[PDB]
Amino acid sequence: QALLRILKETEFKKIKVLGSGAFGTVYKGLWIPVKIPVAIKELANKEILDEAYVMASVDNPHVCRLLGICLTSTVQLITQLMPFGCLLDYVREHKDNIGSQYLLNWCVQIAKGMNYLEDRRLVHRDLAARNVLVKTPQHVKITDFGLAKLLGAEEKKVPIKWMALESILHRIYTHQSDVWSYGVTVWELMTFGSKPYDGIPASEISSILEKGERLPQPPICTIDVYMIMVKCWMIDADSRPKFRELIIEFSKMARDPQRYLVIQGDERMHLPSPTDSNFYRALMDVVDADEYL
Ligand SMILES: CC(C)(O)CC(=O)NCCn1ccc2ncnc(Nc3ccc(Oc4cccc(C(F)(F)F)c4)c(Cl)c3)c21
C-alpha cells in the first residue's frame, strides 16, 4: 500500500530507450509488481527517498506522479508511460494540425498543474515544453519537478534560456520564477517548438534580459496573448501573473480561441488518435497505471 513503491530490480524491465543526454537516460518499460507500461529514468539515499515521496504523493490530473523508485548504484525513477511523448516534440511534429483551441487548452492545463504544485509548496525549477508530456492530444501533464533541487541547483548544467533573471543571477527559485519559465513554455507552444534565443550563447542571456530584450511575439499570437508572456518575464517577480490568474485568463481565451490566436485554416485540423498515431503505435505495438490504481 506504499505511496512511494520501493521496487526491486526484478520488478521492472527496460524494454527500449526513449531518450538520452544530460540528466541520464529514460527507457520505456514494464513494471511487473500484471504488466504496467512505464517510463524509467536512470539518473544520501534517506534524503533522496524523502524528496521522492513528495513526487509520489501528488494527485492532480495535470501533474505526473512517481509510481516507484529503485536505489542501487544509480537512482531509477518509475512513472506511468505517457504514450504520445513530450509536448515539445508533439508541437514540432503536428505544427500543421494544431488549432487555437488545443494550444489554449494546453496553456490552461499547464497553469492548473503549476497552481497545484504551488499549493504543494513545490517549486518546479525546470518547467519547459520538453517537461510537459502528452497523455492524449487533449490532456497534458507536467513532469520532472523537484529534480533541480534534489540534485542541488540552489547550491554552489542549468536551463539558462528558461530561467528567470533572479534564478540566473542569484539562484533564487520561487513559484514566481516558475511563472517566468511558464512564459517561455507558452512561447515554445505558440511557435510550434522554436528554440528560445536561438543562436545566442547562454552566457549572454543575463545581459540581454537586463537590456530589456525578450523572446519575440509568435506570428500566431495577438498582442493580448503576447502580453501575458511579456508579463511573465518582468524583472519584478512579484508583479508577474500568478498561476491562479493565468488559469482564469487562458480559460477566458479558450472560450473564443480564434479571437486570440490567428492560425491559417484553424477550422479544418485533425490530430491522430491512438489507433492512427505512429508514435503511440511505436511505443505500444497489459494494464494502464490508472486502471491498476
Ligand atoms: C526529461 C527529458 C529531458 O524530457 C527527457 C525525457 O524524459 N525523455 C523521455 C520522455 N517521455 C516520453 C514518454 C514518457 N512517459 C513518462 N515519462 C517520460 N519522461 C520522464 C520524465 C521525468 C521522469 O522522472 C521524474 C522526475 C521527477 C518527477 C516525476 C513525476 F512523475 F513525478 F512527475 C518524474 C521520468 Cl521517470 C520520466 C516520458
# chains A, B, ... in the order shown; residues from 1 in each chain; ligands from 1
>>> residues_near_ligand(ligand="ligand 1", cutoff="8 Å", atoms="only C-alpha atoms and all ligand atoms", output="ChimeraX atom specification")
/A:18-23,25-28,38-42,52,55-56,58,63-67,76-86,130-134,142-147
>>> residues_around(residues="residue 288 in chain A", least_positions_apart="2", cutoff="7 Å", atoms="only C-alpha atoms", output="list in words")
residues 36, 37, 286, 290, 291 and 292 of chain A
>>> write_last_selection(atoms="N, CA and C atoms", output="PDB file, in the first residue's frame")
ATOM      1  N   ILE A  36       2.545  -3.310 -16.315  1.00  0.00           N
ATOM      2  CA  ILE A  36       2.125  -1.919 -16.414  1.00  0.00           C
ATOM      3  C   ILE A  36       3.162  -1.140 -17.219  1.00  0.00           C
ATOM      4  N   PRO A  37       2.725  -0.483 -18.311  1.00  0.00           N
ATOM      5  CA  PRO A  37       3.641   0.313 -19.126  1.00  0.00           C
ATOM      6  C   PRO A  37       4.174   1.518 -18.343  1.00  0.00           C
ATOM      7  N   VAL A 286       0.084  -4.580 -20.085  1.00  0.00           N
ATOM      8  CA  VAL A 286      -1.262  -5.059 -20.376  1.00  0.00           C
ATOM      9  C   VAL A 286      -2.300  -4.195 -19.651  1.00  0.00           C
ATOM     10  N   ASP A 290      -3.365   3.825 -14.425  1.00  0.00           N
ATOM     11  CA  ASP A 290      -4.631   4.361 -13.919  1.00  0.00           C
ATOM     12  C   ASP A 290      -5.616   3.256 -13.550  1.00  0.00           C
ATOM     13  N   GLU A 291      -5.750   2.263 -14.433  1.00  0.00           N
ATOM     14  CA  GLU A 291      -6.607   1.094 -14.201  1.00  0.00           C
ATOM     15  C   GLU A 291      -6.102   0.246 -13.024  1.00  0.00           C
ATOM     16  N   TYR A 292      -4.779   0.092 -12.925  1.00  0.00           N
ATOM     17  CA  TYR A 292      -4.150  -0.650 -11.832  1.00  0.00           C
ATOM     18  C   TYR A 292      -4.417   0.009 -10.478  1.00  0.00           C
TER      19      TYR A 292
END
>>> select_by_dssp(residues="range 14-62 of chain A", states="helix (DSSP H, G or I)", output="list in words")
residues 45, 46, 47, 48, 49, 50, 51, 52, 53, 54, 55, 56 and 57 of chain A
>>> closest_residue(among="A:204, A:154, A:267, A:236", to="residue 101 in chain A", atoms="only C-alpha atoms")
A:267
>>> closest_residue(among="A:114, A:227, A:266, A:206", to="residue 166 in chain A", atoms="only C-alpha atoms")
A:206
>>> residues_around(residues="residue 203 in chain A", least_positions_apart="6", cutoff="12 Å", atoms="only C-alpha atoms", output="PyMOL selection string")
chain A and resi 158-161+168-169+197+209
>>> write_last_selection(atoms="N, CA and C atoms", output="mmCIF file, in the first residue's frame")
data_model
loop_
_atom_site.group_PDB
_atom_site.id
_atom_site.type_symbol
_atom_site.label_atom_id
_atom_site.label_comp_id
_atom_site.auth_asym_id
_atom_site.auth_seq_id
_atom_site.Cartn_x
_atom_site.Cartn_y
_atom_site.Cartn_z
ATOM 1 N N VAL A 158 22.538 24.069 -16.163
ATOM 2 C CA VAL A 158 21.273 24.758 -15.927
ATOM 3 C C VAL A 158 20.580 25.189 -17.236
ATOM 4 N N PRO A 159 19.240 25.136 -17.258
ATOM 5 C CA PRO A 159 18.470 25.568 -18.437
ATOM 6 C C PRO A 159 18.333 27.088 -18.495
ATOM 7 N N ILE A 160 19.442 27.768 -18.774
ATOM 8 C CA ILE A 160 19.531 29.240 -18.683
ATOM 9 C C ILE A 160 18.415 29.945 -19.455
ATOM 10 N N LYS A 161 18.129 29.451 -20.657
ATOM 11 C CA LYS A 161 17.157 30.134 -21.519
ATOM 12 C C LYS A 161 15.687 30.023 -21.076
ATOM 13 N N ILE A 168 19.071 33.050 -12.536
ATOM 14 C CA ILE A 168 20.407 33.169 -13.138
ATOM 15 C C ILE A 168 21.412 33.889 -12.230
ATOM 16 N N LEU A 169 21.033 35.066 -11.733
ATOM 17 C CA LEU A 169 21.978 35.934 -11.022
ATOM 18 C C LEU A 169 22.218 35.483 -9.592
ATOM 19 N N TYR A 197 15.755 32.077 -28.001
ATOM 20 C CA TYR A 197 17.016 32.808 -28.189
ATOM 21 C C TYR A 197 17.982 31.983 -29.029
ATOM 22 N N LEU A 209 18.632 40.112 -21.082
ATOM 23 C CA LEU A 209 17.455 40.344 -20.246
ATOM 24 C C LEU A 209 17.534 41.671 -19.497
#
>>> residues_around(residues="residue 51 in chain A", least_positions_apart="2", cutoff="12 Å", atoms="only C-alpha atoms", output="list in words")
residues 4, 44, 45, 46, 47, 48, 49, 53, 54, 55, 56, 57, 66, 69, 77, 122, 145, 146, 147, 148, 149, 150, 151 and 152 of chain A
>>> write_last_selection(atoms="N, CA, C and O atoms", output="compact mmCIF listing (two decimals), in the first residue's frame")
# COMPACT_ATOMS: atom_id res chain seq x y z
N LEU A 4 4.95 5.68 -2.18
CA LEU A 4 6.16 5.54 -2.99
C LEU A 4 6.64 4.09 -2.91
O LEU A 4 7.20 3.66 -1.90
N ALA A 44 23.10 9.21 1.33
CA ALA A 44 22.19 10.18 0.74
C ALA A 44 20.80 9.59 0.47
O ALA A 44 19.81 10.32 0.45
N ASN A 45 20.75 8.27 0.29
CA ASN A 45 19.50 7.53 -0.02
C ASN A 45 18.29 7.96 0.80
O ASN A 45 17.19 8.12 0.26
N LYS A 46 18.50 8.15 2.10
CA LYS A 46 17.47 8.59 3.04
C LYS A 46 16.87 9.95 2.65
O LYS A 46 15.67 10.18 2.81
N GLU A 47 17.72 10.84 2.14
CA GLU A 47 17.31 12.17 1.71
C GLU A 47 16.61 12.11 0.35
O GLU A 47 15.61 12.80 0.14
N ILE A 48 17.16 11.30 -0.56
CA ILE A 48 16.57 11.09 -1.88
C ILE A 48 15.15 10.51 -1.78
O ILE A 48 14.25 10.94 -2.51
N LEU A 49 14.97 9.57 -0.86
CA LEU A 49 13.66 8.98 -0.61
C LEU A 49 12.67 10.01 -0.08
O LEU A 49 11.50 9.99 -0.45
N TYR A 53 9.27 10.96 -2.07
CA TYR A 53 7.93 10.79 -1.50
C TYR A 53 6.98 11.90 -1.96
O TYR A 53 5.82 11.63 -2.32
N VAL A 54 7.46 13.14 -1.95
CA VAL A 54 6.64 14.28 -2.38
C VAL A 54 6.20 14.07 -3.84
O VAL A 54 5.03 14.28 -4.18
N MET A 55 7.13 13.61 -4.68
CA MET A 55 6.83 13.32 -6.09
C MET A 55 5.83 12.18 -6.29
O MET A 55 5.14 12.11 -7.31
N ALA A 56 5.77 11.26 -5.33
CA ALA A 56 4.81 10.17 -5.37
C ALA A 56 3.43 10.53 -4.81
O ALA A 56 2.45 9.82 -5.04
N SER A 57 3.37 11.62 -4.05
CA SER A 57 2.16 12.00 -3.33
C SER A 57 1.24 12.95 -4.11
O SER A 57 0.10 13.16 -3.73
N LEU A 66 5.22 10.04 -9.43
CA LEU A 66 6.18 8.95 -9.34
C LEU A 66 5.46 7.74 -8.80
O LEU A 66 4.74 7.84 -7.79
N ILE A 69 10.49 3.74 -7.07
CA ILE A 69 11.89 4.11 -7.09
C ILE A 69 12.71 2.87 -6.84
O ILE A 69 12.30 1.95 -6.12
N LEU A 77 13.88 6.21 -11.40
CA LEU A 77 12.55 6.71 -11.09
C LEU A 77 11.57 6.06 -12.06
O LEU A 77 11.84 6.02 -13.25
N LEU A 122 5.78 23.38 -3.80
CA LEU A 122 6.82 22.72 -4.56
C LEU A 122 7.19 23.56 -5.77
O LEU A 122 6.41 23.71 -6.71
N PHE A 145 9.49 17.77 -12.04
CA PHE A 145 9.56 18.78 -10.97
C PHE A 145 10.38 18.25 -9.82
O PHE A 145 10.38 17.05 -9.53
N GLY A 146 11.07 19.19 -9.18
CA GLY A 146 11.83 18.90 -7.98
C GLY A 146 13.11 18.11 -8.17
O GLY A 146 13.73 17.75 -7.19
N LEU A 147 13.49 17.83 -9.41
CA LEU A 147 14.77 17.19 -9.67
C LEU A 147 15.88 18.22 -9.48
O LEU A 147 16.89 17.93 -8.85
N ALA A 148 15.66 19.42 -10.02
CA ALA A 148 16.63 20.51 -9.93
C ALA A 148 17.12 20.72 -8.50
O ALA A 148 18.33 20.77 -8.26
N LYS A 149 16.19 20.79 -7.55
CA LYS A 149 16.54 20.98 -6.14
C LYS A 149 17.12 19.71 -5.51
O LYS A 149 18.00 19.80 -4.65
N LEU A 150 16.61 18.54 -5.91
CA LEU A 150 17.13 17.27 -5.38
C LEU A 150 18.59 17.07 -5.77
O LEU A 150 19.38 16.52 -4.99
N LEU A 151 18.95 17.53 -6.97
CA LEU A 151 20.33 17.49 -7.46
C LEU A 151 21.23 18.51 -6.77
O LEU A 151 22.42 18.26 -6.57
N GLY A 152 20.66 19.66 -6.41
CA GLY A 152 21.39 20.71 -5.70
C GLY A 152 21.68 21.95 -6.53
O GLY A 152 22.74 22.56 -6.39
>>> select_by_dssp(residues="range 52-141 of chain A", states="strand (DSSP E)", output="ChimeraX atom specification")
/A:66-71,75-80,132-136,139-141
>>> closest_residue(among="A:183, A:193, A:68, A:265", to="residue 241 in chain A", atoms="only C-alpha atoms")
A:183
